[PDB]
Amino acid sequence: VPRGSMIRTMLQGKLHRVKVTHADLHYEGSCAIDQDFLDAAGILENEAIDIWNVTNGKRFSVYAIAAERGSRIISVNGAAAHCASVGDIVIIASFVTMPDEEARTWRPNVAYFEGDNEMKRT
């Protein structure tokens, strides 16, 4: 309300420059991300995510499940292993929808990475 309000698609959070740690094309299962990283970016298990590959430029859509907390895992499995490889630097983002007013004051959850998937607030 107002009913019929125009709804925006906004960046909810992203993991900026994580490094892919595992990639298995033949995997019977999902992509996975350390739960600590999900938490920092506000990303949920089984939430749609975009992955934008800094190393090779590929851009694709998938979902991930939680890897154990503290594992530092970024696993890109199944068909998505044709789009990322271990060592590649990627950006992982999720988007949510909300009405325009809320969108204009929204602050995304952004976590920045370096080194061995070490996470910084800024």
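Quick note: we count residues from 1 along the sequence shown, nothing fancier.
Looking at mean Cα B-factors across 103 to 111 and 15 to 23, the upper value is held by 103 to 111.
As listed in the deposited structure, the average C-alpha B-factor of 31 to 39 and of 90 to 98 is greater for 31 to 39. The entry lists a Cα temperature factor for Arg59 that places it in the lowest third of the chain's modelled residues. Among all modelled residues in its chain, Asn77 ranks in the highest third by Cα B-factor.
In this PDB entry, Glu45 carries a Cα temperature factor that places it within the middle third of its chain's modelled residues.
Annotation for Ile51: CA B-factor lies in the lowest third of the chain's modelled residues.
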